[PDB]
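[1] Experimental structure and sequence below.
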Number of protein chains: 2
Amino acid sequence: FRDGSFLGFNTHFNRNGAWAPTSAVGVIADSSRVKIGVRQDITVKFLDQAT
Amino acid sequence: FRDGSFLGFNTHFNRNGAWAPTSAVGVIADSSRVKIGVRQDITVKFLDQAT
C-alpha cells in the first residue's frame, strides 16, 4: 500500500482499552446514522456521611 | 330538618380519611376539656446520604 491507506475515512483509535481484538479488526460506519444520547455527562458528588 | 339543626355545636367534618364509620356516627365533646399539645409542627429534611 501507499497513501490512501484508511480510505479517506475519519479514523478513530480506541485508547481506553474498550477494544476487543478477538471480535473486530475494524468497524466501518456511516457516522451520520449512529447517535449517542447524553442525558447526563460525567457528574461528580462528594460523599462524606454515606455507607 | 329543612334548616340547620346542630346549633349549639361547632361542627367539624373529618376529610383526611381518619374517620372510622363503624366506631362512630359522630363525637360530641366539651372542647374546653380536650387539649392537643403541639411540641413540634411538621418538619421536612432532605436525605441524600442516609441509610
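    Received, thanks. Numbers count the residues shown, from 1 in each chain, chains lettered A, B, ... in the order given.
[2] Relative to residue A:21, how far out is the spatially most central residue of chain A?
    Nearest to the geometric centre of chain A sits residue A:14, at 6.2 Å (C-alpha atoms, centre = their mean). From residue A:14 across to residue A:21, the span is 10 Å (C-beta to C-beta, to the nearest Å). To be clear about C-beta, it is placed using only N, CA and C from the backbone, and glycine gets the same treatment.
[3] who touches both of those two?
    By C-beta atoms under 8 Å, 6 or more residues apart in numbering or on different chains, residue A:14 and residue A:21 have no common neighbours.
[4] Start and end of stretch A:14-33, how far apart?
    20 Å (C-alpha to C-alpha, to the nearest Å).
[5] List the contacts of it.
    A:9-10.
[6] ok, now how distant is the residue nearest to the centre of chain A from residue A:27?
    The value you get for residue A:14 to residue A:27, if C-beta to C-beta is used, is 10 Å.
[7] and the residue nearest to residue A:51 when sequence neighbours are not counted, how many residues sit next to it?
    Distances taken as C-beta to C-beta, 6 or more residues apart in numbering or on different chains put residue B:51 closest to residue A:51, at 4.5 Å, once the chain neighbours are dropped. When neighbours are counted by other C-beta atoms under 10 Å in any protein chain shown, residue B:51 registers 6.
[8] I figured residue B:51 was touching residue A:49, is that so?
    No. With contacts counted by C-beta atoms under 8 Å, residue B:51 stays clear of residue A:49, the gap being 9.3 Å.
[9] Need the overlap of contacts for these two.
    Common contacts of residue B:51 and residue A:49 (C-beta under 8 Å, 6+ apart): none found.
[10] sec struct for residue A:22, please.
    Of the three states, residue A:22 takes coil according to DSSP: H, G, I helix; E, B strand; the rest coil.
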